[PDB]
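Down below is the structure, laid out as structure tokens.
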Amino acid sequence: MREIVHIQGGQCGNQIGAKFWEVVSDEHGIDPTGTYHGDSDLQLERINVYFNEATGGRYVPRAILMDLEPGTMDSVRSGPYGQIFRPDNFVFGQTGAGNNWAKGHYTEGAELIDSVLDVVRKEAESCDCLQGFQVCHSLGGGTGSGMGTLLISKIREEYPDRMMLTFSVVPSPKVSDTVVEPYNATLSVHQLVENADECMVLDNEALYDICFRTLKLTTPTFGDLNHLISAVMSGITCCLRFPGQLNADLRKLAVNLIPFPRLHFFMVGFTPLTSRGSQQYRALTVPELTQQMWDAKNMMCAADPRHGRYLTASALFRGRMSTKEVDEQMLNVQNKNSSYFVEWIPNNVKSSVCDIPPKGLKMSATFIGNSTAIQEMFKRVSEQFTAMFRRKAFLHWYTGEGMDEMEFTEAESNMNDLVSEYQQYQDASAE
Amino acid sequence: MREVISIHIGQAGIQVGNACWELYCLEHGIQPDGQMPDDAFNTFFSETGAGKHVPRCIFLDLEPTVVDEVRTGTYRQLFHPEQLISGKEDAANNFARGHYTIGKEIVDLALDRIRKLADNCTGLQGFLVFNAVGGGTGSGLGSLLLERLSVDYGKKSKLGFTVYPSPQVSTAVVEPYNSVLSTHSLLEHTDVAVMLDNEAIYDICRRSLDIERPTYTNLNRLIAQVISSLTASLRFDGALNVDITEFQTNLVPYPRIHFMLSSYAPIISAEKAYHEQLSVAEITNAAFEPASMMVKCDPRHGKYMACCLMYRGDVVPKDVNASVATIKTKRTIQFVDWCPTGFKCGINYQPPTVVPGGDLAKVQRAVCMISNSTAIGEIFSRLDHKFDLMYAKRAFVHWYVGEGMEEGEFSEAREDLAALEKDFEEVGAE
Amino acid sequence: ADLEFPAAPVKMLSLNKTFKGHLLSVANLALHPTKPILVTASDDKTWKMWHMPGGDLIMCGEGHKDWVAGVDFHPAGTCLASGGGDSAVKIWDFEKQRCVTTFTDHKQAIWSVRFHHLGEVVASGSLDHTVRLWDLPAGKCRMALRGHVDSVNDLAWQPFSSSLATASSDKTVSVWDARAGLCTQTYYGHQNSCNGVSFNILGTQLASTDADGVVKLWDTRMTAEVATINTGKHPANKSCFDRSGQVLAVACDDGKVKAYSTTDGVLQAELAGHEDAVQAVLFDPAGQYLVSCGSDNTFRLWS
Amino acid sequence: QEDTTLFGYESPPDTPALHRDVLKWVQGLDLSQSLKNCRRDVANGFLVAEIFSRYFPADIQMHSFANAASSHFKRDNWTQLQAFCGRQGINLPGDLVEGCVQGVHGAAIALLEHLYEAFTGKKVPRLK
Ligand SMILES: Nc1nc2c(ncn2[C@@H]2O[C@H](COP(=O)(O)OP(=O)(O)OP(=O)(O)O)[C@@H](O)[C@H]2O)c(=O)[nH]1
Ligand SMILES: Nc1nc2c(ncn2[C@@H]2O[C@H](COP(=O)(O)OP(=O)(O)O)[C@@H](O)[C@H]2O)c(=O)[nH]1
């Protein structure tokens, strides 16, 4: 009865959202035709968080897909679970943004944004009570980053009190896809800092590392990365949808994770990720889950937590488990690694337990870490943005869309202030 | 929805258009009669109620022979007869003849047909202008057409696949003259200009295809494969789709700097095919090899500013990422200090179709690398002395003056090419 | 502390002549702590340093792209900080007569600029809703105070304290800590945009103006609304306390510099020299005279 | 012909950041939105509608105006505002309106200046 409005933006966001909705329908026993085939009462108990019952037995996702080009949405509709989405929730333009945040935020995103807000408001008023909105998209792309930031600003204006969660795919450190990724990321982070209440940073290169080293896959397509992202996206809200021994909703996670309003960027990870070869070799225990959880290799962020200091960390476990086991494990983690945890917070862990593990896994756990390590990621993005902006390369493409040069430097200043805050609380001393 | 209007001006434009449209017909399954036994063809073909597909192309030339060859050959039931526009008198390698006297009525009719074509397109990604810098028809009429298109259509992205004269080898004598004139014209109208050199493509054919007698058909087939790889992301779905509009955003740092080197890989005959692994890293290296450049311009002299890679076939993002990381770590490949990323990778799930009758082998992977690099100023440097050497004596200048030009036009073109040289030097410098 | 400087005379009229040395209206005033020298920050893109007893134009600093809204002196008068509508905070040196440095992290008009009591950090409050601290040795914005949903119209360091009170156009007056970067206190009560804010020399009281003319006085220690002076309908602009005195001099858009008693909120003097409006007022460090600048393109000396 | 562009890139012109009198008048007027950036804040036309309502509450209402980024809604707001201005006698020049909706540099500044003239008792902001 606490509803969540899902939004997908851009090609990457739409692919991630399609994978996520496939995973959630699998969890709730919903076939691609919408009918329930789960044979479990708890699956239908809280289905209204994500789905709405149609006239018949069909359940439609409370999902809204936005894009400037129709190809990605055509692929999503033709995918295996493409028919569950209501066709009216596919809001697409005709000319895509050429990796241009200006095109997706000011020129071309402006006309489609009112249709998008019409759909969002229609979905929101249908909700009895609204937990908030979750927007999945990629920083470093035109329509995704631009229209996502624009929509987030609009939704923040309309519903300031409602929760806002973002799954942003930050451009990767080493191998960058497009040239203008630093520009788009710089312009998007400035919006997310001011608007998004909760932000989860994902890096495709961290995803490749985790799927090459833990999963040990040989040919990881984008589908596998979207699968891991979908696993985290489900596990963050499974405490809403399923009974929990110690349940914790999105707002509780935000309250326990965010010390100060601007420090709301988080790195996430999912456990247990096991290679098909080592599945029988590994033993499923709470200590094993915690061990993989706190491994820096498990973080789906490029930045590693070792360099920074953990301000806070939430751990949402799933499965029939011992609260004594979980609490003792998190206490031992904090005591062993006290150097990596902030001193002026007596307990840096928000432990939550859900009684329903994901399908196939006896146990699972998602980790949400607010640590000053994200500082180095923003610093790298700024190191690219400044190099490009000094000579104003490709700046004419953003200028021709009618955005001030001062806007770039304002976004850079906001990023630098955020980095400064993270460093301040990294090296803050008690008393 | 993703329509692109193809223009082929002059003999070279039409002869590369023949290869391009044969390749498109083979790729989309369209028989030469016009119809094939969805909507991936809409970029290049418009379907009628009868089911027969007509290309959205325009064959423009002031000479009747080349166009009549198309009208008589196999693709006579494919193309639109009025879209094939034929002149009466050739431009005779005279830019003035093709731009001031003969080209007027022809370009008026060309704009008429271009309006008729664009009226049938819901969307319009842009224009693909295929001409020959170095001939009166291609240079003069093409320049006039590009100017008219810029005036009327406005911001539509015009991609000009131009063929400049080779450094040493050439077929004309007034080629520096009309090349300088047309370069002056197209510096300010085309959005992304792709350089092509006959000498470089001849070298590619001789070294990679082992063709001791390369010819214009082989050159056109290579160019057609390159343009097909360029447009593959418009017609076939794949991870990391790249668009005509995204070319300019990820490749053009500044409006004057939009000339691009093009390199295809692999270029292997079937006898040499399946004799090497042809992995993604190896094809990327081959694409970045200077010999694989289709312009006689060593990239070692300059520095790369941007590189858009278009992968076709069984290509995985992990492999494109590993190859691009190796390229970045590579020392001989040098990038400008102000572009840290400098890479635009885009993959497509459609392997390059092989033209029966061609020399290219059926390879499951392909790369088309289109790069903005400051080395390209070297070719303009060559033409800038090839021009002034003749201009000192005003040789052949009476020919150009006779059709209503002035010494001021030559002076302005030379000055603008010098300014382009200076701009390339300035972007290369820190 | 424990030093009483009696400043009773407020009804005295203008003593010196009305110095009209600026082409356009003067926006702010800054008095040198050591010497009786006043920098007037006018909206003519220039500031002018004058020796007031002589009325002589000692210096004229120019270079701001837009109108200059705020000006302040460094302790010991080493440098001058000028914030203007060009969104650039400029530090100028008197000795070499040029701008030492420019900070452009602010992207909107700089409403107010103030120094620390020690002077190494400079607080700039701007239209961009933020209050940015600049470490002059570092030349970098170390910290930024956020939390105002409307324009930060004024900015005043608490005397000899890291606390900083900013009156914003969101009808709020927020006192922050520079060292922590947090909002210790937020005074509500204003029904209009807060044009200006000022501290008592002892720091016990804080007075903020409104656009409807209401000047509200709070006790900083008590965090309570002590007084609510209701002036005319015109905006109350900027205010200044009497040094160890019970008289707050408030400017106005009525052209009259009023002087209300902090004890009772009763008018004591109403100087009517300015024709149209008064942008700001300032007391002498010794307490000998007031200086009032306004839309009359003239800064006038009183008492 | 000596050009100032950096290889064809003409940097956008720098705005004069309105005026203190106009900005303080706007701030003193009770408005829901704040003029952080004049271009973006005025292009939609909602803040101008709020100003017009504060000066003529009877015939300008907020329910008719929508804070919407689409060109359709911006045109709707500005055209109803223009119709009211025509009825009332206020200028509201069309060129400034079009520059404001298109985000042209300085058009919103000029329109706000003209509104300040028309409303604040024809008080011309002093300038050199
Ligand atoms: N790469 C390539 N270049 C060609 C081909 N055919 C012609 N060219 C080039 O095109 C140039 C002249 O082309 P055109 O201007 O169209 O010749 P035309 O049709 O007789 O027109 P004019 O010569 O100007 O009167 C020559 O310098 C050749 O280098 C070709 O098949 N492939
Ligand atoms: N994890 C994941 N990342 C993707 C996918 N598709 C694209 N990306 C990445 O997302 C980044 C941004 O692209 P995107 O926002 O989708 O392009 P846009 O839709 O035009 O804005 C690119 O650099 C890609 O590397 C996907 O399916 N999964």
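A note on labels: chains of the structure tokens are A, B, ... as shown, every chain counts residues from 1, and ligands are counted from 1 in their shown order.
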
Selection within 8 Å of ligand 2 by only C-alpha atoms and all ligand atoms, output as a compact mmCIF listing (two decimals) with N, CA and C atoms, in the first residue's frame:
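What ended up in selection_21.txt:
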```
# COMPACT_ATOMS: atom_id res chain seq x y z
N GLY A 9 14.78 5.93 -18.33
CA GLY A 9 15.19 7.00 -19.22
C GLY A 9 16.37 6.65 -20.10
N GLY A 10 16.24 6.90 -21.40
CA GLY A 10 17.31 6.60 -22.33
C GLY A 10 17.38 5.13 -22.67
N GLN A 11 18.34 4.80 -23.54
CA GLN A 11 18.52 3.42 -23.96
C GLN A 11 18.99 2.55 -22.80
N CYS A 12 20.03 2.98 -22.10
CA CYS A 12 20.54 2.21 -20.97
C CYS A 12 19.49 2.09 -19.87
N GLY A 13 18.82 3.19 -19.56
CA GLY A 13 17.78 3.15 -18.55
C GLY A 13 16.63 2.23 -18.94
N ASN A 14 16.24 2.25 -20.21
CA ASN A 14 15.16 1.39 -20.66
C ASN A 14 15.56 -0.08 -20.62
N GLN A 15 16.79 -0.40 -21.02
CA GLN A 15 17.24 -1.79 -20.94
C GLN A 15 17.28 -2.26 -19.49
N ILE A 16 17.82 -1.42 -18.60
CA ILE A 16 17.87 -1.76 -17.18
C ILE A 16 16.47 -1.95 -16.63
N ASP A 67 11.79 8.42 -23.81
CA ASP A 67 12.91 8.40 -24.74
C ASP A 67 12.64 9.38 -25.86
N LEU A 68 13.71 9.80 -26.54
CA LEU A 68 13.55 10.66 -27.71
C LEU A 68 13.59 9.90 -29.03
N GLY A 96 16.21 11.72 -31.71
CA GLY A 96 16.93 11.46 -30.49
C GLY A 96 17.98 12.52 -30.20
N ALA A 97 18.33 12.63 -28.92
CA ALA A 97 19.37 13.55 -28.50
C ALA A 97 20.73 12.96 -28.85
N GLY A 98 21.52 13.70 -29.61
CA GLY A 98 22.82 13.22 -30.03
C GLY A 98 23.84 13.26 -28.91
N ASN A 99 23.61 12.46 -27.86
CA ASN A 99 24.46 12.47 -26.67
C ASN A 99 24.58 13.88 -26.10
N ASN A 100 23.52 14.67 -26.26
CA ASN A 100 23.54 16.08 -25.91
C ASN A 100 22.60 16.31 -24.73
N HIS A 137 18.47 5.37 -15.11
CA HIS A 137 18.99 6.00 -16.31
C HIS A 137 20.51 6.04 -16.24
N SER A 138 21.12 6.54 -17.30
CA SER A 138 22.57 6.55 -17.43
C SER A 138 23.06 7.99 -17.54
N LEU A 139 23.98 8.36 -16.66
CA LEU A 139 24.71 9.60 -16.83
C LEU A 139 25.70 9.44 -17.98
N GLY A 140 25.80 10.47 -18.81
CA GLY A 140 26.66 10.39 -19.98
C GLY A 140 25.94 10.04 -21.26
N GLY A 141 24.66 10.34 -21.36
CA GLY A 141 23.92 10.16 -22.60
C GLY A 141 22.95 11.30 -22.75
N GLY A 142 22.54 11.55 -23.99
CA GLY A 142 21.71 12.71 -24.24
C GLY A 142 20.33 12.63 -23.62
N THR A 143 19.47 11.77 -24.17
CA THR A 143 18.10 11.71 -23.69
C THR A 143 18.04 11.21 -22.25
N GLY A 144 18.77 10.14 -21.94
CA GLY A 144 18.77 9.59 -20.60
C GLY A 144 19.10 10.65 -19.57
N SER A 145 20.33 11.15 -19.59
CA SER A 145 20.76 12.11 -18.58
C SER A 145 19.91 13.37 -18.60
N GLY A 146 19.74 13.98 -19.78
CA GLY A 146 19.02 15.23 -19.87
C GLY A 146 17.58 15.16 -19.42
N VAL A 169 23.81 5.43 -14.05
CA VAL A 169 24.96 4.71 -14.57
C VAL A 169 25.99 5.77 -14.94
N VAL A 170 26.90 6.05 -14.01
CA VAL A 170 27.94 7.06 -14.22
C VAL A 170 28.88 6.59 -15.33
N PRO A 171 29.36 7.49 -16.19
CA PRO A 171 30.31 7.08 -17.23
C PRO A 171 31.55 6.44 -16.63
N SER A 172 32.04 5.41 -17.30
CA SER A 172 33.08 4.57 -16.73
C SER A 172 34.43 5.29 -16.72
N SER A 176 35.70 4.99 -21.88
CA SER A 176 34.51 5.81 -22.08
C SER A 176 33.89 5.50 -23.43
N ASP A 177 32.56 5.47 -23.46
CA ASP A 177 31.85 5.14 -24.69
C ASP A 177 31.80 6.34 -25.63
N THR A 178 31.22 7.45 -25.18
CA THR A 178 31.09 8.65 -26.00
C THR A 178 32.06 9.72 -25.52
N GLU A 181 30.67 12.32 -22.61
CA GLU A 181 30.30 11.80 -21.30
C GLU A 181 30.67 12.72 -20.14
N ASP A 203 28.74 1.83 -12.35
CA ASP A 203 29.73 1.98 -13.40
C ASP A 203 29.81 0.70 -14.20
N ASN A 204 29.75 0.84 -15.53
CA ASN A 204 29.78 -0.34 -16.39
C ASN A 204 31.10 -1.08 -16.26
N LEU A 207 30.92 -3.13 -13.23
CA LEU A 207 30.07 -4.27 -13.54
C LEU A 207 30.82 -5.33 -14.35
N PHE A 222 25.50 -6.68 -22.31
CA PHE A 222 24.83 -5.71 -21.45
C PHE A 222 23.71 -6.36 -20.64
N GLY A 223 23.20 -7.50 -21.10
CA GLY A 223 22.14 -8.17 -20.38
C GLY A 223 22.55 -8.60 -18.98
N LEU A 225 24.96 -7.28 -17.06
CA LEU A 225 25.10 -6.09 -16.22
C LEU A 225 23.74 -5.58 -15.79
N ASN A 226 22.79 -5.52 -16.73
CA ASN A 226 21.44 -5.12 -16.38
C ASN A 226 20.81 -6.10 -15.40
N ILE A 229 22.17 -5.15 -11.98
CA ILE A 229 21.51 -3.92 -11.58
C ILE A 229 20.08 -4.20 -11.15
N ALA B 239 23.77 -3.05 -29.96
CA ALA B 239 24.22 -2.34 -28.77
C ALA B 239 25.06 -1.13 -29.17
N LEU B 240 24.88 -0.03 -28.44
CA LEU B 240 25.58 1.23 -28.73
C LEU B 240 25.25 1.73 -30.13
```

Considering only C-alpha atoms, return as number ranges by chain whatever protein or nucleic-acid residues lie within 12 Å of residue B:205, sequence-local ones (same chain, fewer than 3 positions apart) excluded. B: 198-202, 208-223, 264, 266-269, 291-294, 358-360

Using only C-alpha atoms and all ligand atoms, which protein or nucleic acid residues are at most 6 Å from ligand 1, as a ChimeraX atom specification? /B:10-12,15-16,63,90-93,132,134-138,171-172,198,216,219-220

Keeping only N, CA and C atoms, write those residues as a short mmCIF file (atom, residue, chain, number, x, y, z; two decimals), in the first residue's frame.
```cif
data_model
loop_
_atom_site.label_atom_id
_atom_site.label_comp_id
_atom_site.auth_asym_id
_atom_site.auth_seq_id
_atom_site.Cartn_x
_atom_site.Cartn_y
_atom_site.Cartn_z
N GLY B 10 28.31 14.12 -60.33
CA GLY B 10 29.46 13.87 -61.16
C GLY B 10 29.68 12.39 -61.43
N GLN B 11 30.68 12.13 -62.27
CA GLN B 11 30.99 10.75 -62.66
C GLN B 11 31.39 9.92 -61.45
N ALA B 12 32.28 10.45 -60.61
CA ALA B 12 32.71 9.70 -59.44
C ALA B 12 31.55 9.50 -58.47
N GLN B 15 29.39 6.78 -59.92
CA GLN B 15 30.04 5.48 -59.95
C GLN B 15 30.22 4.90 -58.56
N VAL B 16 30.36 5.74 -57.54
CA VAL B 16 30.35 5.20 -56.18
C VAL B 16 28.92 4.94 -55.73
N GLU B 63 26.73 15.53 -67.73
CA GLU B 63 27.08 14.65 -68.82
C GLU B 63 26.07 13.51 -68.92
N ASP B 90 28.94 18.75 -70.81
CA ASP B 90 29.77 18.48 -69.65
C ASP B 90 30.42 19.77 -69.16
N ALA B 91 30.85 19.76 -67.89
CA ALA B 91 31.53 20.91 -67.33
C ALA B 91 32.98 21.02 -67.78
N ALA B 92 33.53 19.97 -68.39
CA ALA B 92 34.86 20.01 -69.00
C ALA B 92 35.93 20.42 -67.98
N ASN B 93 35.84 19.86 -66.78
CA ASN B 93 36.81 20.12 -65.71
C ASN B 93 36.88 21.60 -65.35
N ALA B 132 32.93 14.53 -56.50
CA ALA B 132 34.35 14.42 -56.83
C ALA B 132 34.94 15.82 -56.88
N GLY B 134 37.59 18.06 -57.83
CA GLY B 134 38.59 17.91 -58.87
C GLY B 134 37.98 17.77 -60.25
N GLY B 135 36.71 18.09 -60.36
CA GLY B 135 36.02 18.08 -61.64
C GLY B 135 34.94 19.14 -61.64
N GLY B 136 34.67 19.68 -62.83
CA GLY B 136 33.72 20.78 -62.93
C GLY B 136 32.33 20.40 -62.46
N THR B 137 31.85 19.24 -62.89
CA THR B 137 30.52 18.78 -62.48
C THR B 137 30.46 18.60 -60.97
N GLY B 138 31.29 17.72 -60.43
CA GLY B 138 31.29 17.44 -59.01
C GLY B 138 31.57 18.65 -58.14
N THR B 171 44.57 12.56 -62.53
CA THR B 171 44.09 12.39 -63.89
C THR B 171 43.80 13.70 -64.61
N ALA B 172 43.72 14.82 -63.89
CA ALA B 172 43.43 16.11 -64.47
C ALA B 172 44.59 17.07 -64.26
N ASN B 198 42.15 8.57 -54.08
CA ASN B 198 42.29 7.45 -54.99
C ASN B 198 43.61 6.73 -54.79
N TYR B 216 38.47 1.58 -60.66
CA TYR B 216 37.43 2.41 -60.07
C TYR B 216 36.32 1.58 -59.47
N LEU B 219 37.55 0.60 -56.06
CA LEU B 219 37.52 1.75 -55.17
C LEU B 219 36.10 2.03 -54.71
N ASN B 220 35.15 2.03 -55.65
CA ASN B 220 33.76 2.31 -55.31
C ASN B 220 33.18 1.24 -54.40
#
```

Residues near stretch 408-425 of chain B, cut-off 10 Å, only C-alpha atoms, skip fewer than 3 positions along chain, as number ranges by chain: B: 177-185, 187, 256-257, 302, 373-381, 383-385, 387-388, 391, 397, 400-401, 405, 428-430; D: 6-7

Can I get the selection written as a CSV table (one decimal), in the first residue's frame, with C-alpha atoms?
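New file result-v5.csv:
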```
chain,number,residue,atom,x,y,z
B,177,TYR,CA,42.2,24.9,-59.4
B,178,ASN,CA,38.7,23.4,-59.1
B,179,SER,CA,39.7,21.5,-55.9
B,180,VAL,CA,40.7,24.8,-54.2
B,181,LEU,CA,37.5,26.4,-55.4
B,182,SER,CA,35.2,23.6,-54.2
B,183,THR,CA,37.1,23.4,-50.9
B,184,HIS,CA,36.5,27.1,-50.4
B,185,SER,CA,32.8,26.4,-51.1
B,187,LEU,CA,34.3,24.6,-45.9
B,256,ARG,CA,35.4,24.6,-39.1
B,257,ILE,CA,37.1,21.4,-38.1
B,302,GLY,CA,49.3,15.1,-36.6
B,373,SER,CA,42.7,14.5,-36.6
B,374,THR,CA,44.8,17.6,-37.3
B,375,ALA,CA,47.1,15.7,-39.7
B,376,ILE,CA,44.5,16.2,-42.5
B,377,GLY,CA,45.9,19.7,-43.0
B,378,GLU,CA,48.8,18.1,-44.9
B,379,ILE,CA,46.7,17.4,-48.0
B,380,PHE,CA,45.4,21.0,-48.0
B,381,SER,CA,49.1,22.0,-47.7
B,383,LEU,CA,47.1,21.5,-52.8
B,384,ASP,CA,48.0,25.0,-51.6
B,385,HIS,CA,51.3,24.9,-53.4
B,387,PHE,CA,47.5,25.7,-56.8
B,388,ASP,CA,49.8,28.8,-56.4
B,391,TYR,CA,48.3,30.5,-60.3
B,397,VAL,CA,42.8,30.9,-65.7
B,400,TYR,CA,37.6,29.8,-65.6
B,401,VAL,CA,37.2,33.5,-66.4
B,405,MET,CA,34.5,34.1,-62.7
B,428,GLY,CA,47.1,21.0,-33.2
B,429,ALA,CA,49.2,23.3,-31.0
B,430,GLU,CA,48.7,23.5,-27.3
D,6,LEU,CA,37.2,29.9,-31.8
D,7,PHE,CA,37.2,27.8,-35.0
```

From the DSSP assignment of the backbone, select every residue of stretch 81-248 of chain A that is strand (DSSP E), and format the answer as a list in words.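 The strand (DSSP E) residues within stretch 81-248 of chain A come out as residues 90, 91, 92, 129, 130, 131, 132, 133, 134, 135, 136, 137, 138, 163, 164, 165, 166, 167, 168, 169, 170, 198, 199, 200, 201, 202 and 203 of chain A.
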
Pick out the closest residue to residue B:190 from this set: B:271, B:403, B:147, B:39. Count only C-alpha atoms. B:147

Please run DSSP on the backbone and report, as a VMD selection string, all residues within stretch 121-346 of chain B that come out as helix (DSSP H, G or I). chain B and resid 136 to 152 175 to 186 198 to 208 216 to 235 244 to 251 280 to 288 290 to 292 317 to 329

Per residue of chain C within 8 Å of chain A, note the shortest atom pair and the distance in Å to one decimal, counting only C-alpha atoms, and order the rows by chain and increasing residue number, as a tab-separated table.
```
residue	atom	partner	partner_atom	distance
C:105	CA	A:413	CA	6.0
C:106	CA	A:410	CA	7.5
C:107	CA	A:410	CA	6.4
C:141	CA	A:417	CA	7.9
C:142	CA	A:420	CA	7.2
C:143	CA	A:417	CA	6.9
C:144	CA	A:417	CA	7.0
```

Tell me the residues of chain C close to chain D, meaning within 7 Å using only C-alpha atoms, as an mmCIF file with N, CA, C and O atoms, in the first residue's frame.
```
data_model
loop_
_atom_site.group_PDB
_atom_site.id
_atom_site.type_symbol
_atom_site.label_atom_id
_atom_site.label_comp_id
_atom_site.auth_asym_id
_atom_site.auth_seq_id
_atom_site.Cartn_x
_atom_site.Cartn_y
_atom_site.Cartn_z
ATOM 1 N N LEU C 24 26.152 57.233 -10.939
ATOM 2 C CA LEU C 24 24.919 56.549 -10.593
ATOM 3 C C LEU C 24 24.834 56.404 -9.073
ATOM 4 O O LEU C 24 25.696 56.893 -8.332
ATOM 5 N N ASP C 66 29.735 44.491 -14.152
ATOM 6 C CA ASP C 66 28.390 44.963 -13.853
ATOM 7 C C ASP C 66 28.401 45.842 -12.611
ATOM 8 O O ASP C 66 29.469 46.183 -12.095
ATOM 9 N N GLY C 85 27.111 42.606 -9.565
ATOM 10 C CA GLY C 85 26.181 41.868 -10.396
ATOM 11 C C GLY C 85 26.833 41.000 -11.448
ATOM 12 O O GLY C 85 26.152 40.154 -12.037
ATOM 13 N N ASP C 86 28.127 41.182 -11.696
ATOM 14 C CA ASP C 86 28.865 40.344 -12.629
ATOM 15 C C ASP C 86 29.218 38.983 -12.045
ATOM 16 O O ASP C 86 30.001 38.249 -12.658
ATOM 17 N N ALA C 109 24.285 37.517 -9.229
ATOM 18 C CA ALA C 109 24.705 38.770 -8.618
ATOM 19 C C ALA C 109 25.093 38.572 -7.159
ATOM 20 O O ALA C 109 24.388 37.913 -6.394
ATOM 21 N N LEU C 127 22.732 35.893 -5.284
ATOM 22 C CA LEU C 127 21.403 35.520 -5.745
ATOM 23 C C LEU C 127 21.274 34.020 -5.979
ATOM 24 O O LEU C 127 20.152 33.505 -6.043
ATOM 25 N N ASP C 128 22.394 33.304 -6.073
ATOM 26 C CA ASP C 128 22.392 31.883 -6.397
ATOM 27 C C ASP C 128 21.991 31.025 -5.206
ATOM 28 O O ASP C 128 22.225 29.812 -5.205
ATOM 29 N N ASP C 150 15.367 31.182 -1.505
ATOM 30 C CA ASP C 150 15.284 32.426 -2.253
ATOM 31 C C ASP C 150 16.621 33.145 -2.127
ATOM 32 O O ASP C 150 17.565 32.638 -1.516
ATOM 33 N N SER C 169 15.753 36.462 0.791
ATOM 34 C CA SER C 169 14.463 36.867 0.249
ATOM 35 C C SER C 169 13.367 35.841 0.501
ATOM 36 O O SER C 169 12.234 36.055 0.056
ATOM 37 N N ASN C 192 7.958 39.309 4.292
ATOM 38 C CA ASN C 192 8.442 39.814 3.015
ATOM 39 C C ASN C 192 9.928 39.498 2.905
ATOM 40 O O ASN C 192 10.546 38.984 3.841
ATOM 41 N N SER C 193 10.497 39.811 1.743
ATOM 42 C CA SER C 193 11.915 39.571 1.515
ATOM 43 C C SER C 193 12.758 40.397 2.477
ATOM 44 O O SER C 193 12.498 41.582 2.697
ATOM 45 N N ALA C 211 10.979 44.092 3.018
ATOM 46 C CA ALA C 211 10.580 44.906 1.878
ATOM 47 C C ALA C 211 9.355 45.756 2.177
ATOM 48 O O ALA C 211 9.119 46.756 1.492
#
```

Skipping near chain neighbours, those fewer than 3 positions away, what residues fall within 8 Å of residue C:89 using only C-alpha atoms, listed as a list in words? residues 81, 82, 83, 84, 102, 103, 104, 110, 113 and 124 of chain C

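Here atom CA of residue B:176 is placed at a distance of 11.7 Å from atom CA of residue B:395.
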
Chain B contacts to chain A at 7 Å (only C-alpha atoms) as a ChimeraX atom specification: /B:245-246,249-250,252-254,316-317,321,325,338-345

Exercise answer, chain D residues close to chain B, 12 Å and only C-alpha atoms, as a PyMOL selection string: chain D and resi 1-3+5-11

Would you save the residues of that selection, restricted to N, CA and C atoms, as a CSV table (one decimal), in the first residue's frame?
```csv
chain,number,residue,atom,x,y,z
D,1,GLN,N,38.2,40.3,-43.2
D,1,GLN,CA,37.2,40.0,-42.2
D,1,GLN,C,37.8,39.1,-41.1
D,2,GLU,N,38.1,39.8,-40.0
D,2,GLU,CA,38.7,39.1,-38.9
D,2,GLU,C,37.7,38.7,-37.9
D,3,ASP,N,37.5,37.3,-37.7
D,3,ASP,CA,36.5,36.8,-36.9
D,3,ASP,C,37.0,36.4,-35.5
D,5,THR,N,35.5,34.1,-33.5
D,5,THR,CA,35.1,32.7,-33.1
D,5,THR,C,36.3,31.8,-32.9
D,6,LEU,N,36.2,30.9,-32.0
D,6,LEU,CA,37.2,29.9,-31.8
D,6,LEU,C,36.9,28.7,-32.7
D,7,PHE,N,37.4,28.8,-33.9
D,7,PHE,CA,37.2,27.8,-35.0
D,7,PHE,C,35.7,27.6,-35.2
D,8,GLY,N,34.9,28.7,-35.2
D,8,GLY,CA,33.5,28.7,-35.5
D,8,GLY,C,32.6,28.6,-34.3
D,9,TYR,N,33.2,28.7,-33.1
D,9,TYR,CA,32.4,28.7,-31.8
D,9,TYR,C,32.3,30.1,-31.3
D,10,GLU,N,31.1,30.7,-31.4
D,10,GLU,CA,30.9,32.1,-30.8
D,10,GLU,C,30.3,31.9,-29.4
D,11,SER,N,31.1,32.4,-28.4
D,11,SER,CA,30.7,32.2,-27.1
D,11,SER,C,29.4,33.1,-26.8
```
